[PDB]
Amino acid sequence: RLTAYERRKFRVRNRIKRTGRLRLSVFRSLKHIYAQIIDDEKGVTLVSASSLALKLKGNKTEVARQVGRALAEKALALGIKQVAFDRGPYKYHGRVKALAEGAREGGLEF
Amino acid sequence: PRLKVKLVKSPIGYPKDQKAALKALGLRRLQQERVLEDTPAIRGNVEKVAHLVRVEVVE
Amino acid sequence: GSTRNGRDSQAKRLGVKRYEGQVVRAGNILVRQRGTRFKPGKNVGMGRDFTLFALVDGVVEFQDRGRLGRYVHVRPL
Amino acid sequence: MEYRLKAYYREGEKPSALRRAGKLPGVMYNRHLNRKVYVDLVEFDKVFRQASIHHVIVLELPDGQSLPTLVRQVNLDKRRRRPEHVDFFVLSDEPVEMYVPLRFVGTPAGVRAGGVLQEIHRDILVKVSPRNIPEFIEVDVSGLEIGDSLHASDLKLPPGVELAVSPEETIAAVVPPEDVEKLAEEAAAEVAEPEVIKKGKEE
Amino acid sequence: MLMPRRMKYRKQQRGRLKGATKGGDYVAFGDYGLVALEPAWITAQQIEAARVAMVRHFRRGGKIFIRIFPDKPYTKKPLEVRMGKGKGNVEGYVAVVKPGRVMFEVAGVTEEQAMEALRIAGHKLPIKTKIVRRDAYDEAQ
RNA sequence: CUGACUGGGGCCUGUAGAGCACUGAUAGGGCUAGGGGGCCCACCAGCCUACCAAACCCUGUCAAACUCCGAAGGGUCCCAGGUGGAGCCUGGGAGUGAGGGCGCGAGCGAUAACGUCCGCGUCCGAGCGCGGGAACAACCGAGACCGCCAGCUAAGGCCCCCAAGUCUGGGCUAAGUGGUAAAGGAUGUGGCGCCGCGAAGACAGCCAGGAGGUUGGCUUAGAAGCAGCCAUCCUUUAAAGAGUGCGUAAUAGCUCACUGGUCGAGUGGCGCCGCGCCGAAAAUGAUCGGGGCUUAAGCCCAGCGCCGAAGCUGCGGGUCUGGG
RNA sequence: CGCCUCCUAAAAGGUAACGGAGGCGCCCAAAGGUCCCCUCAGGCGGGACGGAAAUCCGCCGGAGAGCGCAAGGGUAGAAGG
RNA sequence: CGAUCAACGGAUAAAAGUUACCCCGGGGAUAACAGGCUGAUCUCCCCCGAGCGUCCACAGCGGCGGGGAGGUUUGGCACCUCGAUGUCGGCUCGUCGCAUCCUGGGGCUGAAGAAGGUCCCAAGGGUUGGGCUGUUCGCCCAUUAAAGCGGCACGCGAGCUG
RNA sequence: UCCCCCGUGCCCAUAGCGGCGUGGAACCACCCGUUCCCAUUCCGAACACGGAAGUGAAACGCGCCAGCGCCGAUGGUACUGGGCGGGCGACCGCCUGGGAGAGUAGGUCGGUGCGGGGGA
Ligand SMILES: [Mg+2]
Ligand SMILES: [Mg+2]
Ligand SMILES: [Mg+2]
Ligand SMILES: [Mg+2]
Ligand SMILES: [Mg+2]
Ligand SMILES: [Mg+2]
Ligand SMILES: [Mg+2]
Ligand SMILES: [Mg+2]
Ligand SMILES: [Mg+2]
Ligand SMILES: [Mg+2]
Ligand SMILES: [Mg+2]
Ligand SMILES: [Mg+2]
Ligand SMILES: [Mg+2]
Ligand SMILES: [Mg+2]
Ligand SMILES: [Mg+2]
Ligand SMILES: [Mg+2]
Ligand SMILES: [Mg+2]
Ligand SMILES: [Mg+2]
Ligand SMILES: [Mg+2]
Ligand SMILES: [Mg+2]
Ligand SMILES: [Mg+2]
Ligand SMILES: [Mg+2]
Ligand SMILES: [Mg+2]
Ligand SMILES: [Mg+2]
Ligand SMILES: [Mg+2]
Ligand SMILES: [Mg+2]
Ligand SMILES: [Mg+2]
Ligand SMILES: [Mg+2]
Ligand SMILES: [Mg+2]
Ligand SMILES: [Mg+2]
Ligand SMILES: [Mg+2]
Ligand SMILES: [Mg+2]
Ligand SMILES: [Mg+2]
Ligand SMILES: [Mg+2]
Ligand SMILES: [Mg+2]
Ligand SMILES: [Mg+2]
Ligand SMILES: [Mg+2]
Ligand SMILES: [Mg+2]
Ligand SMILES: [Mg+2]
Ligand SMILES: [Mg+2]
Ligand SMILES: [Mg+2]
Ligand SMILES: [Mg+2]
Ligand SMILES: [Mg+2]
Ligand SMILES: [Mg+2]
Ligand SMILES: [Mg+2]
Ligand SMILES: [Mg+2]
Ligand SMILES: [Mg+2]
Ligand SMILES: [Mg+2]
Ligand SMILES: [Mg+2]
Ligand SMILES: [Mg+2]
Ligand SMILES: [Mg+2]
Ligand SMILES: [Mg+2]
Ligand SMILES: [Mg+2]
Ligand SMILES: [Mg+2]
Ligand SMILES: [Mg+2]
Ligand SMILES: [Mg+2]
Ligand SMILES: [Mg+2]
Ligand SMILES: [Mg+2]
Ligand SMILES: [Mg+2]
Ligand SMILES: [Mg+2]
Ligand SMILES: [Mg+2]
Ligand SMILES: [Mg+2]
Ligand SMILES: [Mg+2]
Ligand SMILES: [Mg+2]
Ligand SMILES: [Mg+2]
Ligand SMILES: [Mg+2]
Ligand SMILES: [Mg+2]
Ligand SMILES: [Mg+2]
Ligand SMILES: [Mg+2]
Ligand SMILES: [Mg+2]
Ligand SMILES: [Mg+2]
Ligand SMILES: [Mg+2]
Ligand SMILES: [Mg+2]
Ligand SMILES: [Mg+2]
Ligand SMILES: [Mg+2]
Ligand SMILES: [Mg+2]
Ligand SMILES: [Mg+2]
Ligand SMILES: [Mg+2]
Ligand SMILES: [Mg+2]
Ligand SMILES: [Mg+2]
Ligand SMILES: [Mg+2]
Ligand SMILES: [Mg+2]
Ligand SMILES: [Mg+2]
Ligand SMILES: [Mg+2]
Ligand SMILES: [Mg+2]
Ligand SMILES: [Mg+2]
Ligand SMILES: [Mg+2]
Ligand SMILES: [Mg+2]
Ligand SMILES: [Mg+2]
Ligand SMILES: [Mg+2]
Ligand SMILES: [Mg+2]
Ligand SMILES: [Mg+2]
Ligand SMILES: [Mg+2]
Ligand SMILES: [Mg+2]
Ligand SMILES: [Mg+2]
Ligand SMILES: [Mg+2]
Ligand SMILES: [Mg+2]
Ligand SMILES: [Mg+2]
Ligand SMILES: [Mg+2]
Ligand SMILES: [Mg+2]
Ligand SMILES: [Mg+2]
Ligand SMILES: [Mg+2]
Ligand SMILES: [Mg+2]
Ligand SMILES: [Mg+2]
Ligand SMILES: [Mg+2]
Ligand SMILES: [Mg+2]
Ligand SMILES: [Mg+2]
Ligand SMILES: [Mg+2]
Ligand SMILES: [Mg+2]
Ligand SMILES: [Mg+2]
Ligand SMILES: [Mg+2]
Ligand SMILES: [Mg+2]
Ligand SMILES: [Mg+2]
Ligand SMILES: [Mg+2]
Ligand SMILES: [Mg+2]
Ligand SMILES: [Mg+2]
Ligand SMILES: [Mg+2]
Ligand SMILES: [Mg+2]
Ligand SMILES: [Mg+2]
Ligand SMILES: [Mg+2]
Ligand SMILES: [Mg+2]
Ligand SMILES: [Mg+2]
Ligand SMILES: [Mg+2]
Ligand SMILES: [Mg+2]
Ligand SMILES: [Mg+2]
Ligand SMILES: [Mg+2]
Ligand SMILES: [Mg+2]
Ligand SMILES: [Mg+2]
Ligand SMILES: [Mg+2]
Ligand SMILES: [Mg+2]
Ligand SMILES: [Mg+2]
Ligand SMILES: [Mg+2]
Ligand SMILES: [Mg+2]
Ligand SMILES: [Mg+2]
Ligand SMILES: [Mg+2]
Ligand SMILES: [Mg+2]
Ligand SMILES: [Mg+2]
Ligand SMILES: [Mg+2]
Ligand SMILES: [Mg+2]
Ligand SMILES: [Mg+2]
Ligand SMILES: [Mg+2]
Ligand SMILES: [Mg+2]
Ligand SMILES: [Mg+2]
Ligand SMILES: [Mg+2]
Ligand SMILES: [Mg+2]
Ligand SMILES: [Mg+2]
Ligand SMILES: [Mg+2]
Ligand SMILES: [Mg+2]
Ligand SMILES: [Mg+2]
Ligand SMILES: [Mg+2]
Ligand SMILES: [Mg+2]
Ligand SMILES: [Mg+2]
Ligand SMILES: [Mg+2]
Ligand SMILES: [Mg+2]
Ligand SMILES: [Mg+2]
Ligand SMILES: [Mg+2]
Ligand SMILES: [Mg+2]
Ligand SMILES: [Mg+2]
Ligand SMILES: [Mg+2]
Ligand SMILES: [Mg+2]
Ligand SMILES: [Mg+2]
Ligand SMILES: [Mg+2]
Ligand SMILES: [Mg+2]
Ligand SMILES: [Mg+2]
Ligand SMILES: [Mg+2]
Ligand SMILES: [Mg+2]
Ligand SMILES: [Mg+2]
Ligand SMILES: [Mg+2]
Ligand SMILES: [Mg+2]
Ligand SMILES: [Mg+2]
Ligand SMILES: [Mg+2]
Ligand SMILES: [Mg+2]
Ligand SMILES: [Mg+2]
Ligand SMILES: [Mg+2]
Ligand SMILES: [Mg+2]
Ligand SMILES: [Mg+2]
Ligand SMILES: [Mg+2]
Ligand SMILES: [Mg+2]
Ligand SMILES: [Mg+2]
Ligand SMILES: [Mg+2]
Ligand SMILES: [Mg+2]
Ligand SMILES: [Mg+2]
Ligand SMILES: [Mg+2]
Ligand SMILES: [Mg+2]
Ligand SMILES: [Mg+2]
Ligand SMILES: [Mg+2]
Ligand SMILES: [Mg+2]
Ligand SMILES: [Mg+2]
Ligand SMILES: [Mg+2]
Ligand SMILES: [Mg+2]
Ligand SMILES: [Mg+2]
Ligand SMILES: [Mg+2]
Ligand SMILES: [Mg+2]
Ligand SMILES: [Mg+2]
Ligand SMILES: [Mg+2]
Ligand SMILES: [Mg+2]
Ligand SMILES: [Mg+2]
Ligand SMILES: [Mg+2]
Ligand SMILES: [Mg+2]
């Protein structure tokens, strides 16, 4: 018996894989926000970034934009440029939208 | 080892693939013996037409 | 005496068109089906009537993923 | 009481060959062992009719052992109605599930009015220790009328033996007999031609 | 007499009668049984004849178990017509019975009472039959 | 060299079989809405149901258009064997587009037709050429280039017709069964087993006893064991049913069942297997092809030998293809 | 008498009969494209008019609902709202 | 864009009947007759033993069901015959089967006698005349030991009738 | 390289239903508010934002139990490719290779990849 959270999750994630891109999946908890870029062909994570690993400050929204500029920064160093955004169960808005835009300024392509 | 295969019973009346099997062994006439190497592909055909043939293992 | 029956339809010649380990070109039809008996996997498109066909030159592979259904793939050569 | 039966170990000998030579193919198993056996069909039958799946049969193996087993499964030849294969389940100190007879003591009041005691279960499934095998379990059916019935719930159990089915299960019943007086209605009871379950704009 | 109260389809293809019974091959309810020795379509008319005969011996007493049921619809073309113009009409119902099935079982009766009704029953049937009583083999299935 | 066929390997499938989880069917039981019925009520609830019966559970089953399962096989692709009146490509010339029998898998029909319609195969067609099957396109054997007064076999045969055994060893059958049929019926005969009852003396025969409650009932017009069923209970017993048959208008009578005397060893009922008996009537004259056959010249088991074709071999020849 | 679905059909494809059963000769300006969100039938319990069945609350419920129309296939990790 | 060109690969833009007044080319590729195969239907005989018969299952009977034989009915199929296999009934002449109508021999009987019933054996011989109708069949009259039932291309038209 | 947790996959119920127990430092969750972004065919329930007083009550994670569900041999059988017999048939046998389904024994209260965070 699935839940709206679970179904919505598959619902967007399934459409992302099919386009074959590297996925910039984003996790957003009550305090923190994590993001890892995954190659689903190997079941393997290639680069990560999280607020909790960066020990970042207060405002969740700016925190997101900063973990975003971070993820890109480590990313372009591995040649990763093209990638696709996994908004998971999270509406593209607020904290998640902010991380996305951070990744963009960083130069990651999407 | 080789296989000495003898056609002792006529293929007239048997399905065509059995008749074809005799042809892969190069058997055309009754009482005719042919000596063939014992590999699986040769033996599969031999075992297909075993009801038409008398086999002996030699050399 | 008469029949209120009598009719039937033209057969549709459905089923798998290319089996696993067979080399196909981009465009080749792989499976003809009513509904998703098989699902498109890597390098496999699906047409408006469920027809699975190859997106790239290569080699067919099937995969039975349980409750996730059966999938057809093409592996680049 | 207790039954014994010589068994023998079999290898590649064909079941076909064995049964024609008068013997009965079988298998021996439990958690630790699994062995192909054969027994004499004529000797086995003599035992089994008394034994059934109720009483422990012990198998004098020619290698010198003597094993304590229950006959767990029997395969019959459906055309000829002759046993063709036996499963011997070798007991051990651990409890085991099994079938234990029911002896419906008493003659039911339903029977004395013309009725028939429909013995649904002539045994009952039960978890119990090998050391605790009852000869049966008694049942008071003398109180039964047409159509009154006893259950697995109404089963009064011997010491150390726990019931292995749902007590909801019915076990015996007393039902009305056949009567030639019912013929008058039964031949004069009207039967209708059969109704087709539909296809199309009918379903 | 016996016939399905309703069915998904009106007419059924004829099929085959190869092999021994799939099941129904062991005593299950009564004390004695009547088992089929050869294959056949036993009609409802025979089953009822056989049944009635058995209750007729018992008079008052016993219980009769019918383990076969006529669900196969039997077709016949109307007299004197030629081949074609569709499938015949359903005219009766049959029980498809293979060698080794119990068709009838009896209960609550002396052994001679049972041997005899099962015998008389047996004459009413289009096949050879064997009478059997419940054994531990039956018990063990 | 890519072919039919064959080996390995992958992928595809929903049949045979089976199963009841879905769609339906389905016998009995349990439990239990709904009604019907019988009590008590009109103050509206209640109680009983050997009544019909939903859903559920149990036991047990059925299905082309049901499937939780699910083969053997089959299709296809890769690598390999496969040099064949194999295969592929381009062109010229056709004929055929009435099939038929048989085997297996189905539908139709009536688990009818030398019936009909499909599938896989086969033969005839075109092998009505040859051997066997009495005779006979398609059952068995076998693919006829020609010649030989040579040899080996195939099916089938080896008493005479009629080529080769009146061949060898073990059994069965007495019906000319063999040499055309079924439900069913039977002290046919042989062979296995299963229970009783018996030298605490059986069975057969020769001998008695077979009784009391009791002409016993829910019972009617007779119902006394012997016209329905819902009775089988005691007693003297050595034994003997409130009765296995004949008898009756009901009885009674004879008798079994059951005990005692006589002799002195077996006796009685189930069942299964082999081979036979009945069931068995149709039209020109009979007949297994004929004669004729009985420890077979019949049937089952196991052998040795021979006979047997245009199959195979030997000798010679022809023609085409291929290699010298 | 053309077309679609199922069975016959012998687990590739194909396969006949005056064999067994049903449907089509339309429809939709959204019942189309896409983005976003949402999950059914049914059962039990609870609720004014309110019923077997309207709408409301809770718990159980993998799909037995739905997908215009026949049937099959498909399908809620949506093709359904 | 104009097709129930729906006989749906759609002969014309445009089309229904009848022939016992008939014809030709073909077919036993296909009906009608007879035969053949089949035997549902038909006739006959069995198995079972509910029940009837005052009593008594079986003198005579046989519920519900089951097994066959025959090849006289009504049919199925389409195998020889369509460069012809003449077709109902009658007459004539028969010959055969036996599931026997009579005559002969029997068993059982609910066989007193006489006379019947029922089954078994038996195909040697016999089995009438007339009214009606095209009739076969059937009904009727008068008799009789009896007034049998079937096969032979529903025997028999190079034998007759029509 | 080991333990716990947060992510995200693979295997596709040996992973599930139920019952009992356990975890809040950390992570996660509920939670505290509805100013702001954003939101309710009504509702800050959802989605969303700003937060950190409390609580592991719900959820989740981790363990335990075989009542249900799920998986499930060995043996034997059905059936069968190919090869042979038998019956008037319905149908029935033998040889060789293949071999279910049911049921029985029994197994199961998940295993594993990658990246993070913490601890030894
Ligand atoms: Mg992986
Ligand atoms: Mg041959
Ligand atoms: Mg041949
Ligand atoms: Mg073959
Ligand atoms: Mg030759
Ligand atoms: Mg040849
Ligand atoms: Mg009509
Ligand atoms: Mg019609
Ligand atoms: Mg049709
Ligand atoms: Mg078709
Ligand atoms: Mg077609
Ligand atoms: Mg079709
Ligand atoms: Mg396919
Ligand atoms: Mg598309
Ligand atoms: Mg589409
Ligand atoms: Mg694979
Ligand atoms: Mg792949
Ligand atoms: Mg409709
Ligand atoms: Mg049929
Ligand atoms: Mg019938
Ligand atoms: Mg029929
Ligand atoms: Mg009508
Ligand atoms: Mg028809
Ligand atoms: Mg019909
Ligand atoms: Mg009928
Ligand atoms: Mg059966
Ligand atoms: Mg009978
Ligand atoms: Mg069972
Ligand atoms: Mg090659
Ligand atoms: Mg090739
Ligand atoms: Mg090839
Ligand atoms: Mg191959
Ligand atoms: Mg089947
Ligand atoms: Mg079902
Ligand atoms: Mg079950
Ligand atoms: Mg079936
Ligand atoms: Mg089917
Ligand atoms: Mg099926
Ligand atoms: Mg396979
Ligand atoms: Mg096929
Ligand atoms: Mg193959
Ligand atoms: Mg293959
Ligand atoms: Mg090659
Ligand atoms: Mg050629
Ligand atoms: Mg050629
Ligand atoms: Mg060449
Ligand atoms: Mg030319
Ligand atoms: Mg042409
Ligand atoms: Mg032609
Ligand atoms: Mg034709
Ligand atoms: Mg044609
Ligand atoms: Mg044809
Ligand atoms: Mg052909
Ligand atoms: Mg012929
Ligand atoms: Mg055969
Ligand atoms: Mg056939
Ligand atoms: Mg068919
Ligand atoms: Mg018949
Ligand atoms: Mg034909
Ligand atoms: Mg035929
Ligand atoms: Mg046929
Ligand atoms: Mg053919
Ligand atoms: Mg020709
Ligand atoms: Mg020939
Ligand atoms: Mg030829
Ligand atoms: Mg000759
Ligand atoms: Mg010949
Ligand atoms: Mg000849
Ligand atoms: Mg010939
Ligand atoms: Mg030649
Ligand atoms: Mg010379
Ligand atoms: Mg010789
Ligand atoms: Mg020979
Ligand atoms: Mg001879
Ligand atoms: Mg001679
Ligand atoms: Mg001799
Ligand atoms: Mg005689
Ligand atoms: Mg003779
Ligand atoms: Mg004779
Ligand atoms: Mg007999
Ligand atoms: Mg006898
Ligand atoms: Mg005998
Ligand atoms: Mg007296
Ligand atoms: Mg006779
Ligand atoms: Mg001898
Ligand atoms: Mg010769
Ligand atoms: Mg030659
Ligand atoms: Mg030469
Ligand atoms: Mg059209
Ligand atoms: Mg098909
Ligand atoms: Mg199919
Ligand atoms: Mg197919
Ligand atoms: Mg194709
Ligand atoms: Mg229509
Ligand atoms: Mg809209
Ligand atoms: Mg839509
Ligand atoms: Mg929209
Ligand atoms: Mg609801
Ligand atoms: Mg409610
Ligand atoms: Mg209300
Ligand atoms: Mg309501
Ligand atoms: Mg649905
Ligand atoms: Mg126009
Ligand atoms: Mg129309
Ligand atoms: Mg036309
Ligand atoms: Mg027209
Ligand atoms: Mg067309
Ligand atoms: Mg025109
Ligand atoms: Mg015009
Ligand atoms: Mg016109
Ligand atoms: Mg005209
Ligand atoms: Mg004319
Ligand atoms: Mg005129
Ligand atoms: Mg005129
Ligand atoms: Mg005139
Ligand atoms: Mg004129
Ligand atoms: Mg004129
Ligand atoms: Mg003229
Ligand atoms: Mg003319
Ligand atoms: Mg003709
Ligand atoms: Mg024609
Ligand atoms: Mg004609
Ligand atoms: Mg005719
Ligand atoms: Mg003729
Ligand atoms: Mg007949
Ligand atoms: Mg006949
Ligand atoms: Mg008879
Ligand atoms: Mg009698
Ligand atoms: Mg009477
Ligand atoms: Mg009498
Ligand atoms: Mg009476
Ligand atoms: Mg009689
Ligand atoms: Mg009658
Ligand atoms: Mg009959
Ligand atoms: Mg008859
Ligand atoms: Mg005739
Ligand atoms: Mg005739
Ligand atoms: Mg006719
Ligand atoms: Mg005729
Ligand atoms: Mg004809
Ligand atoms: Mg004709
Ligand atoms: Mg024809
Ligand atoms: Mg003609
Ligand atoms: Mg002429
Ligand atoms: Mg002429
Ligand atoms: Mg002429
Ligand atoms: Mg002439
Ligand atoms: Mg006579
Ligand atoms: Mg006389
Ligand atoms: Mg007299
Ligand atoms: Mg008198
Ligand atoms: Mg007399
Ligand atoms: Mg007599
Ligand atoms: Mg005479
Ligand atoms: Mg004479
Ligand atoms: Mg005469
Ligand atoms: Mg006159
Ligand atoms: Mg006259
Ligand atoms: Mg007249
Ligand atoms: Mg006149
Ligand atoms: Mg008349
Ligand atoms: Mg007289
Ligand atoms: Mg007269
Ligand atoms: Mg005459
Ligand atoms: Mg005549
Ligand atoms: Mg004539
Ligand atoms: Mg004439
Ligand atoms: Mg004339
Ligand atoms: Mg004339
Ligand atoms: Mg003439
Ligand atoms: Mg003439
Ligand atoms: Mg004349
Ligand atoms: Mg005239
Ligand atoms: Mg996790
Ligand atoms: Mg994981
Ligand atoms: Mg749990
Ligand atoms: Mg706690
Ligand atoms: Mg917990
Ligand atoms: Mg905390
Ligand atoms: Mg704390
Ligand atoms: Mg706070
Ligand atoms: Mg505000
Ligand atoms: Mg603010
Ligand atoms: Mg809130
Ligand atoms: Mg908690
Ligand atoms: Mg969550
Ligand atoms: Mg455990
Ligand atoms: Mg499974
Ligand atoms: Mg299993
Ligand atoms: Mg196995
Ligand atoms: Mg075979
Ligand atoms: Mg078999
Ligand atoms: Mg085998
Ligand atoms: Mg094997
Ligand atoms: Mg299977
Ligand atoms: Mg299994
Ligand atoms: Mg578990
Ligand atoms: Mg890890
Ligand atoms: Mg770590």
# chains A, B, ... in the order shown; residues from 1 in each chain; ligands from 1
call {"tool": "residues_near_ligand", "arguments": {"ligand": "ligand 137", "cutoff": "12 Å", "atoms": "only C-alpha atoms (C1' of nucleotides) and all ligand atoms", "output": "ChimeraX atom specification"}}
result
/H:34-36,39,42,70-74,150-154
call {"tool": "select_by_dssp", "arguments": {"residues": "segment 1-128 of chain E", "states": "helix (DSSP H, G or I)", "output": "NGL selection string"}}
result
:E and (44-58 or 111-123)
call {"tool": "residues_around", "arguments": {"residues": "segment 50-56 of chain C", "least_positions_apart": "3", "cutoff": "12 Å", "atoms": "only C-alpha atoms (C1' of nucleotides)", "output": "PyMOL selection string"}}
result
(chain C and resi 14-18+22-47+59-61+71-77) or (chain G and resi 73-74+79)
call {"tool": "closest_residue", "arguments": {"among": "H:118, H:133, H:85, H:30", "to": "ligand 160", "atoms": "only C-alpha atoms (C1' of nucleotides) and all ligand atoms"}}
result
H:133
call {"tool": "closest_atom_pairs", "arguments": {"of": "chain I", "to": "chain D", "cutoff": "8 Å", "atoms": "only C-alpha atoms (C1' of nucleotides)", "output": "CSV"}}
result
residue,atom,partner,partner_atom,distance
I:74,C1',D:34,CA,6.6
I:75,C1',D:27,CA,5.7
I:76,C1',D:85,CA,5.7
I:77,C1',D:75,CA,7.9
I:104,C1',D:73,CA,6.5
I:105,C1',D:30,CA,5.9
I:106,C1',D:31,CA,7.1
call {"tool": "write_last_selection", "arguments": {"atoms": "N, CA, C and O atoms (P, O5', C5', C4', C3', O3' and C1' of nucleotides)", "output": "PDB file, in the first residue's frame"}}
result
ATOM      1  P     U I  74      14.109 -32.496  -6.357  1.00  0.00           P
ATOM      2  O5'   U I  74      14.350 -33.796  -5.470  1.00  0.00           O
ATOM      3  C5'   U I  74      15.617 -34.058  -4.887  1.00  0.00           C
ATOM      4  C4'   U I  74      15.568 -35.268  -3.987  1.00  0.00           C
ATOM      5  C3'   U I  74      14.946 -36.513  -4.592  1.00  0.00           C
ATOM      6  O3'   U I  74      15.818 -37.232  -5.451  1.00  0.00           O
ATOM      7  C1'   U I  74      14.087 -36.178  -2.419  1.00  0.00           C
ATOM      8  P     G I  75      15.240 -37.961  -6.764  1.00  0.00           P
ATOM      9  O5'   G I  75      14.061 -38.854  -6.183  1.00  0.00           O
ATOM     10  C5'   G I  75      14.334 -40.062  -5.499  1.00  0.00           C
ATOM     11  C4'   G I  75      13.099 -40.613  -4.834  1.00  0.00           C
ATOM     12  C3'   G I  75      12.062 -41.169  -5.776  1.00  0.00           C
ATOM     13  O3'   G I  75      12.413 -42.432  -6.287  1.00  0.00           O
ATOM     14  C1'   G I  75      10.984 -39.848  -4.150  1.00  0.00           C
ATOM     15  P     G I  76      12.188 -42.689  -7.845  1.00  0.00           P
ATOM     16  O5'   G I  76      10.593 -42.666  -7.972  1.00  0.00           O
ATOM     17  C5'   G I  76       9.815 -43.746  -7.472  1.00  0.00           C
ATOM     18  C4'   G I  76       8.338 -43.430  -7.376  1.00  0.00           C
ATOM     19  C3'   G I  76       7.583 -43.143  -8.666  1.00  0.00           C
ATOM     20  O3'   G I  76       7.299 -44.275  -9.467  1.00  0.00           O
ATOM     21  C1'   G I  76       6.936 -41.588  -7.032  1.00  0.00           C
ATOM     22  P     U I  77       7.267 -44.103 -11.069  1.00  0.00           P
ATOM     23  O5'   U I  77       5.906 -43.317 -11.353  1.00  0.00           O
ATOM     24  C5'   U I  77       4.660 -43.885 -10.971  1.00  0.00           C
ATOM     25  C4'   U I  77       3.534 -42.877 -10.959  1.00  0.00           C
ATOM     26  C3'   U I  77       3.149 -42.269 -12.302  1.00  0.00           C
ATOM     27  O3'   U I  77       2.359 -43.134 -13.106  1.00  0.00           O
ATOM     28  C1'   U I  77       3.294 -40.560 -10.691  1.00  0.00           C
ATOM     29  P     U I 104       0.848 -31.300   2.448  1.00  0.00           P
ATOM     30  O5'   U I 104       2.121 -32.221   2.722  1.00  0.00           O
ATOM     31  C5'   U I 104       1.949 -33.519   3.262  1.00  0.00           C
ATOM     32  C4'   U I 104       3.223 -34.325   3.241  1.00  0.00           C
ATOM     33  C3'   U I 104       4.413 -33.729   3.967  1.00  0.00           C
ATOM     34  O3'   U I 104       4.321 -33.825   5.381  1.00  0.00           O
ATOM     35  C1'   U I 104       5.122 -34.595   1.890  1.00  0.00           C
ATOM     36  P     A I 105       4.870 -32.623   6.303  1.00  0.00           P
ATOM     37  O5'   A I 105       6.451 -32.750   6.143  1.00  0.00           O
ATOM     38  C5'   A I 105       7.122 -33.931   6.549  1.00  0.00           C
ATOM     39  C4'   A I 105       8.576 -33.926   6.148  1.00  0.00           C
ATOM     40  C3'   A I 105       9.438 -32.766   6.624  1.00  0.00           C
ATOM     41  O3'   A I 105       9.824 -32.852   7.988  1.00  0.00           O
ATOM     42  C1'   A I 105       9.926 -33.239   4.363  1.00  0.00           C
ATOM     43  P     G I 106       9.635 -31.596   8.982  1.00  0.00           P
ATOM     44  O5'   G I 106      10.413 -30.395   8.281  1.00  0.00           O
ATOM     45  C5'   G I 106      11.821 -30.415   8.117  1.00  0.00           C
ATOM     46  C4'   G I 106      12.248 -29.569   6.941  1.00  0.00           C
ATOM     47  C3'   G I 106      12.250 -28.062   7.134  1.00  0.00           C
ATOM     48  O3'   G I 106      13.345 -27.605   7.909  1.00  0.00           O
ATOM     49  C1'   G I 106      11.304 -28.571   5.039  1.00  0.00           C
TER      50        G I 106
END
call {"tool": "residues_near_ligand", "arguments": {"ligand": "ligand 177", "cutoff": "12 Å", "atoms": "only C-alpha atoms (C1' of nucleotides) and all ligand atoms", "output": "list in words"}}
result
residues 21, 22, 23, 24, 55, 56 and 57 of chain I
call {"tool": "write_last_selection", "arguments": {"atoms": "C-alpha atoms (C1' of nucleotides)", "output": "PDB file, in the first residue's frame"}}
result
ATOM      1  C1'   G I  21      10.197  -5.509  22.114  1.00  0.00           C
ATOM      2  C1'   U I  22      13.736  -1.552  21.204  1.00  0.00           C
ATOM      3  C1'   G I  23      16.179   3.403  19.323  1.00  0.00           C
ATOM      4  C1'   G I  24      16.318  10.107  19.861  1.00  0.00           C
ATOM      5  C1'   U I  55       8.652  13.591  21.898  1.00  0.00           C
ATOM      6  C1'   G I  56      10.151   8.962  19.944  1.00  0.00           C
ATOM      7  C1'   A I  57       3.233   8.833  21.111  1.00  0.00           C
TER       8        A I  57
END
call {"tool": "interface_residues", "arguments": {"of": "chain F", "to": "chain B", "cutoff": "7 Å", "atoms": "only C-alpha atoms (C1' of nucleotides)", "output": "VMD selection string"}}
result
chain F and resid 4 to 7 81 to 82 121 to 123 312
call {"tool": "residues_near_ligand", "arguments": {"ligand": "ligand 10", "cutoff": "8 Å", "atoms": "only C-alpha atoms (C1' of nucleotides) and all ligand atoms", "output": "PyMOL selection string"}}
result
(chain C and resi 8-11) or (chain G and resi 15-16)
call {"tool": "residues_around", "arguments": {"residues": "residue 100 of chain I", "least_positions_apart": "6", "cutoff": "9 Å", "atoms": "only C-alpha atoms (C1' of nucleotides)", "output": "list in words"}}
result
residues 17, 18, 70 and 71 of chain F; 78 and 79 of chain I
